[PDB]
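Novice: here is the sequence, then the experimental structure:
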Amino acid sequence: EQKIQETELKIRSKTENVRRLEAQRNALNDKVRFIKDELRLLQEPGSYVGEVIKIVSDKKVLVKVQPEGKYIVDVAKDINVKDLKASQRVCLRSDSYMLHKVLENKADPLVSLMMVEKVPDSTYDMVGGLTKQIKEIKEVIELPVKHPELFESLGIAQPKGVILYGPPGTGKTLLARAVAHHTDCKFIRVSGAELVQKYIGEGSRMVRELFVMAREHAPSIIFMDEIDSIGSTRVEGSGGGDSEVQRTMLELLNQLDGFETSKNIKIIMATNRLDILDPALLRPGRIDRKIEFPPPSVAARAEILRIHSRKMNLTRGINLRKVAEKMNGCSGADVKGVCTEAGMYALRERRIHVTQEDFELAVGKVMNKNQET
Amino acid sequence: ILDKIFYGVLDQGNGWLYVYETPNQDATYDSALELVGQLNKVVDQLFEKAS
Amino acid sequence: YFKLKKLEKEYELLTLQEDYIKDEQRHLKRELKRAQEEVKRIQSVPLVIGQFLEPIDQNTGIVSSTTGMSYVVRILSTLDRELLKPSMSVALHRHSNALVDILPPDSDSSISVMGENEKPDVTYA
Amino acid sequence: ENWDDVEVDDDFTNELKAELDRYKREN
Amino acid sequence: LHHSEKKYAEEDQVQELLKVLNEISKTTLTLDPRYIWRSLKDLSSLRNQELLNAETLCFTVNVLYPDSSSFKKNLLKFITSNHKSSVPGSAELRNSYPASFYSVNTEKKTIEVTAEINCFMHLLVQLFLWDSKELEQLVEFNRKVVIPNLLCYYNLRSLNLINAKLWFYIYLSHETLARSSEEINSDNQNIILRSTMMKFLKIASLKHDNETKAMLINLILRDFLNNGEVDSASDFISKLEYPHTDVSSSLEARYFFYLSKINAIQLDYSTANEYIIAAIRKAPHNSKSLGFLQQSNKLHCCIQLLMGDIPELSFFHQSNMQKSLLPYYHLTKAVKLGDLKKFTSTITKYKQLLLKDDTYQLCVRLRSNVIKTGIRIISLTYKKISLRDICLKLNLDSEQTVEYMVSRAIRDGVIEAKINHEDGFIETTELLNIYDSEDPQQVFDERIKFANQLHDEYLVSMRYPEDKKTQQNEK
Amino acid sequence: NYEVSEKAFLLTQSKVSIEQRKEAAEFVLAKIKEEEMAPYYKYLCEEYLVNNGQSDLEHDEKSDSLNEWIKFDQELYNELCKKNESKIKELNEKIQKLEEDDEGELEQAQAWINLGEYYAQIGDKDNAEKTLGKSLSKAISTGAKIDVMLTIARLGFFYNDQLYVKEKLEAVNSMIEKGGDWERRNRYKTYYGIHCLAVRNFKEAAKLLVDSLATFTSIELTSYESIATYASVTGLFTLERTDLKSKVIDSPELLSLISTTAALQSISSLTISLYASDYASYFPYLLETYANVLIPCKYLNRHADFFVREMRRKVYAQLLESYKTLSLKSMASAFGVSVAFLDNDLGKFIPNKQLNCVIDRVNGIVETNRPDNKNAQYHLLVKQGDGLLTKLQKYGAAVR
């Protein structure tokens, strides 16, 4: 019976070769599904996005089309007609001009610098160094945003806005990204240049885009430009730019508390003087708390020099407190400038570390540079 | 010639001279630089997925 | 006696699967042939301009063309997450409406013209 | 790693190296 | 006290027995019990010391004994048996269960359970013999039993893996008896041992068992090296019956080690140099393989010196085993400088140490390569050297003697030079500039197949384990 | 502590002048009076033997030496007990009050560091690291971290430990990585380059020495003038002739070292003579490099002859590039070497595959061996295939 058992050896021997066939079969099925998806996707005429207006008991629906207008389409067989609500984001096919699919509900209009980000790159260590600067942020921002029940338990409102102060050369612009990064919130930057155009309605629609976006995205942080006088990013306002859109902007921002009644919305604004804007902004709901940048004294700038020394390479025997006593009213821009000057003398010496002799030459240059104008 | 300015070799015994072209080779072994860097990393990462 | 019959029944699988291995290789050559033909239909001669907005699924995305009407195109297999720009002006197809290539944000237009020099001839120092 | 570490040479220390200075004046 | 000691080890022995009992009954799982039997050798050796010897006494009483009643008594007779409840039938764990080898159907001989029980019984017997180091009558008595029993039984795929490890104990226990004492009964016993290996090797040839043929060949090749028969070793390796697929890496390294010693006396060192390298790569680096790594590393140095090439000194330095490699270090320096009196005094002091591994007899052939290497050193440094200048370096006999040592060199193409007698100097014939020839292209074509050799052993091995994923249910 | 170890090292083997040990005896005799060298003072007899090591009045009574000042006396015996009292017994009562009263943290940690430094001069390495561990828990900033790297370094330079020092320095820097300035980072990197001299890493010793600045001074570990010799000898040993021009011969720090101390004669004599292709005057420059640098230094004695041999083979290779065939009246005549001795130089270098050259007997024409069309695309191109195949099949054959 060994002759038959020897023939059985071919079954187990060729079985290992059969297993190689299973390797090419799965690789072949991936190519079949790939080519099959080519004819389906490439022949699609395309589909746009529209908002649901109202539902009809006749198994139709009215969807507003941006390039066209309100047009009644037919509800798809896999889509519920009753699940469609007002201003619901759905997908409509451009061929038959009917309903195609349903997307997730969110506000996504034309985006110019309006894109909502999450935890950008910033830290309290680089833009910090002052005790009162960070402490006032915790009370005005960190407490009401993270724990809104603190003010609600006492039956009092919580600040939704802040006005930044202090002499020029603060650096609070990058600090705004640290507020959204450490609090795990969403950063929203509002640039008045992209939201104001000569076309009719741009000073309105672009502002209403922020109004509709802030409804669902309310747990976020908003930062507005063009008003900032504090010296970090300073346009010193606009005489003719803020003389027109001021009417279609500030009225829609106050409707958040009056109409939307949405919380956890932080409006970060900065100005050194109130001139071209509304003198009535001092009312609650717009300007609540005011954080002033303390003067860069010796004790305040002593820790600021310790900020760069962590990233910078320094030698031994350097006194960071004595350097702070050598100047007067040194802003945040001049600190980064004198550290840049100190790195220039190190390149001439071909040393990766900045010797104490280079600092005395760098401090002498920044004092005469800051004295002019 | 010691500083690689002029390309050539002389003969001190017979007072002769020879022809020396500037390129002595081309790019061949340079492909092993990407080969040695791959087998010292990719191979080590394969042991991590096994355990 | 069933031991002899159960063995001969297993060679029927071994009979077809020997020549079926090379059938997949010849089919793979046809799949690679069709793969090169599908790439040509994505771009070829016709091309248009479109603005990317948001994706949905692999090889699927929502864009905005020049005419203003949005269309669902087929995202290139190379662009997935990091390589795919969240908002960028890209190239599309006229009819089939498929993604083509990422176009650079050209600042040259008829309004707000900013000049640019290419290889100045002035010698340094 | 071949003909390098422990075998060394056991020459070229002093006597052989110091002799080569006298050859300069003998020419 | 003693009662609780016997029942504890027997429960663990049956627990490991029931795992391999149910796997061999349904279809063929035999690949799985092979992994369990690897740990069975280590778990049993540690267990033999604890709970004394009484774990094997109650195990025989539990199951049915075809031959095994008198074998335990004979094993217990040499140790001066201490009898505690030693009457057969004292411990009964069967209690009429299907997995317990139900007694009524077993005692009525209506079913045969002896196949898996008897073959497993002989395995535990050989484990205690090597642990207790029992010799003399107990070695020959068990050899007369297992061998006739294997010829009567018909071994299946799983049954061939049982006795595959028993043949190692037959050859191991026979060699330890001869080295302990030499007698006329040991030489005649080795004659039957040699004829028995070839009879069962033919049986495993039809079954095509990978582990069985791997264990036999390693034991057969070692027997040829002890007797030193060239015709028997050369004809045995020409068949190439050794499977390279499922055999363990430890069994592979032992195979390449034999080919290095066989090809060493064949005066072909090109193939023998590769076999000693492959034996190191296949052998594990753990402590249990140090015995093989110690002998294999000593053979590598002998192969290199016989090729004219000198091995690296870092092998005798950065390693941790260099304490035993000291005799080979002085042989390395003597070949380089070509000193006449250095090699003679080197092999004289270590003559006793090198006799154990039989590497001192190969040192006689190393004497010829002492000058041959020195000729290669002086030939590369001096292209044209006078005939009298070589004798002044190595302190040779005469110019007539040195002329004929270069003769034996270039016959095989070692030095590749010529001897001009009329001009009176030896000139090197190598002009280099071989990059433009086709000789390098011959080796270049071999490197393409070397990279392609890694395909069929790899791409096929992907789906090999994967058949258990599609068959078994997943969450 | 390094000033004694450098001078007393001449007491080991001096084949040239006895006055080298006499001038060094004035430094050893002066330091043992102020501080107790007993761990190193007794280590002189227990390090090397049968030269100056046999003379002792305490452990073993014999006289073999060229200097009798290495023997114990009653003066050093009384000073040994004084160091165990003022530095230990007096401080042990003061440090015990700070531990019970719990006064400060960093202020008390500095007392344990200063106490641990006393055990280094006494020779107790168990209590030196024990008091360091108690101060390590109280240390936070890098002010107390600078004395941690020295404590382990004192085992290598003072106690002469080539093994446990390298393993401990890598563990401390890996746990807390700061580095301070470049001079603090040199203290780790300087030993890494010096440790290569014991394990014979050849050109890998100057890797971290060249990048280190010339102002590095460790005092007790090493001095300012001695550290300049390590970077000068090993720098030319590692960097090739092309790197000597833009780094060694022209440097702001290096050229200031030889101007102050004339005992180097490396970055100048061995360079300028090589740039001028003059091998006649290049030969005697190796005498002052071997005799006045390598011999007096401790760690440079591990190699010795290994230095100048590779430097000669390097400069002989540059001569082979300037001419295809050389002459017997060029190398073996004007340079001072002799036919018998010069042939022994390259005689063992060629079979080592370090340098390829052809030496002639009768006509005496040295030919330059060149690979021509072979170069690195012949043997080096195919070597990477099988060289990486072993590491590629290591995890492939054994799986996990």
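Specialist: Yep, it's here. Numbering: from 1, shown residues only, chains lettered A, B, ... in the order given.

Novice: for the rest of this, base every contact and every neighbour count on C-alpha atoms.
Specialist: Will do.

Novice: tell me how far residue C:93 lies from residue B:17.
Specialist: 68 Å (Cα to Cα, to the nearest Å).

Novice: helices and strands around the helix or strand containing residue F:344, which ones?
Specialist: Assigned by DSSP states H and E, residue F:344 falls within helix F:339-349. Helix F:339-349 sits against helix E:363-381, with contacts defined as 3 or more Cα pairs under 8 Å, 6 or more residues apart in numbering or on different chains; DSSP states H and E.

Novice: does the helix it packs on reach chain D?
Specialist: No - using Cα under 8 Å from any Cα of the partner chain, helix E:363-381 never reaches chain D; the gap is at least 12.4 Å.

Novice: tilt between that helix and helix F:339-349?
Specialist: 120 degrees (axes from the mean of the first three to the mean of the last three Cα atoms, to 10 degrees).

Novice: ok so, going back, hmm, whichever helix or strand comes after the helix holding residue F:344 in reach of chain B?
Specialist: Note on helix F:339-349: by DSSP H and E, the next helix or strand toward the C-terminus is strand F:357-358. No - on the criterion Cα under 8 Å from any Cα, strand F:357-358 is out of touch with chain B, staying 14.3 Å away.

Novice: what lies in contact with the very next helix or strand once past strand F:357-358?
Specialist: Reading on from strand F:357-358 to the C-terminus, the next helix or strand found by DSSP H and E is strand F:367-368. If you take Cα atoms under 8 Å, 6 or more residues apart in numbering or on different chains as the criterion, strand F:367-368 is touched by F:320-321, F:323-326, F:356-359.

Novice: which helices and strands does the helix or strand following strand F:367-368 pack with?
Specialist: Going down the chain from strand F:367-368, the next helix or strand is helix F:379-392, by DSSP H and E. Judged by 3+ Cα pairs under 8 Å, 6+ apart, the packing partners of helix F:379-392 are helix B:31-39.

Novice: still on that earlier bit, which one of residue C:93 and residue B:17 has more residues nearby?
Specialist: residue C:93 (22 against 14; other Cα atoms under 10 Å in any protein chain shown).

Novice: that older thread, tell me the two of the contacts of strand F:367-368 that are most distant?
Specialist: Maximum pairwise distance in the contacts of strand F:367-368, criterion Cα to Cα, is 15.1 Å, between F:321 and F:359.

Novice: let's see stretch A:208-218 as PDB, backbone CA atoms only.
Specialist: Written as PDB, here are the backbone C-alpha positions of stretch A:208-218 (Å, rounded to 0.1, in the frame of the first residue of the first chain):
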ATOM      1  CA  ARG A 208     -22.600  86.800   7.900                       C
ATOM      2  CA  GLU A 209     -20.300  83.900   7.000                       C
ATOM      3  CA  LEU A 210     -18.700  84.300  10.400                       C
ATOM      4  CA  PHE A 211     -22.100  84.700  12.000                       C
ATOM      5  CA  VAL A 212     -23.400  81.400  10.600                       C
ATOM      6  CA  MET A 213     -20.100  79.600  11.100                       C
ATOM      7  CA  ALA A 214     -20.000  80.600  14.800                       C
ATOM      8  CA  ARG A 215     -23.300  78.800  15.500                       C
ATOM      9  CA  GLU A 216     -22.100  75.200  15.200                       C
ATOM     10  CA  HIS A 217     -18.400  76.000  15.700                       C
ATOM     11  CA  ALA A 218     -19.200  78.200  18.800                       C
END
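
Novice: quick check: residue A:45 vs chain F, distance?
Specialist: 51 Å (Cα to the nearest Cα, to the nearest Å).

Novice: let me see the backbone angles for that residue.
Specialist: phi -70, psi -20 (degrees, to the nearest 10).

Novice: OK, contacts around it?
Specialist: A:93-95, C:71-72, C:95-97.

Novice: SS state for residue A:350?
Specialist: Classification of residue A:350 by DSSP: H, G, I helix; E, B strand; the rest coil places it in coil.

Novice: pull the number of nearby residues for it.
Specialist: 9.

Novice: what's the nearest residue to the most centrally placed residue in chain B if we skip its chain neighbours?
Specialist: Nearest to the geometric centre of chain B sits residue B:29, at 6.3 Å (Cα atoms, centre = their mean). Residue nearest to residue B:29 in three dimensions, not counting chain neighbours: residue F:381, with 5.3 Å by Cα to Cα, 6 or more residues apart in numbering or on different chains.

Novice: one more: residue C:56?
Specialist: Using Cα to Cα, 6+ apart and skipping the chain neighbours, the partner closest in space to residue C:56 is residue C:62 (7.4 Å).

Novice: separation between the most centrally placed residue in chain C and chain A?
Specialist: What sits nearest the mean C-alpha location of chain C, by Cα atoms, centre = their mean, is residue C:76, with 3.2 Å. Distance, residue C:76 to chain A, by Cα to the nearest Cα: 11 Å.

Novice: for that residue, grab phi and psi.
Specialist: Given degrees, to the nearest 10, the pair of backbone angles that residue C:76 has is phi -60, psi 140.

Novice: enumerate every residue touching it.
Specialist: Neighbours of residue C:76 in contact, by Cα under 8 Å, 6+ apart: C:59, C:99-100.

Novice: one more time with 10 Å, if that's ok
Specialist: Going by Cα atoms under 10 Å, 6 or more residues apart in numbering or on different chains, residue C:76 touches C:39, C:42, C:58-61, C:84, C:98-101.

Novice: so which of those are in strands?
Specialist: residue C:61 (DSSP state E).

Novice: farthest pair within the contacts of residue C:76?
Specialist: Within these, C:39 and C:84 form the most distant pair, 18.7 Å apart (Cα to Cα).

Novice: measure how buried residue F:140 is and give me the count.
Specialist: Residues near residue F:140, counting by other Cα under 10 Å: 12.

Novice: okay, residue C:14 and residue E:27: tell me how far apart.
Specialist: For residue C:14 relative to residue E:27 (Cα to Cα), the value is 20 Å.

Novice: out of the two, which sits in the more crowded spot?
Specialist: Higher neighbour count among residue C:14 and residue E:27: residue C:14, with 17 against 7, using other Cα under 10 Å.

Novice: so which residues of the stretch 1-150 of chain E form helices?
Specialist: E:2-25, E:31-49, E:55-62, E:68-77, E:103-107, E:114-132, E:137-152 (DSSP state H, counting those that start in this stretch).

Novice: would you point out which residue is most central in the chain?
Specialist: This is for chain A. residue A:187 (2.8 Å).

Novice: I was thinking of chain D, sorry if that wasn't clear
Specialist: Residue closest to the average C-alpha location in chain D (Cα atoms, centre = their mean): residue D:12, at 1.8 Å.
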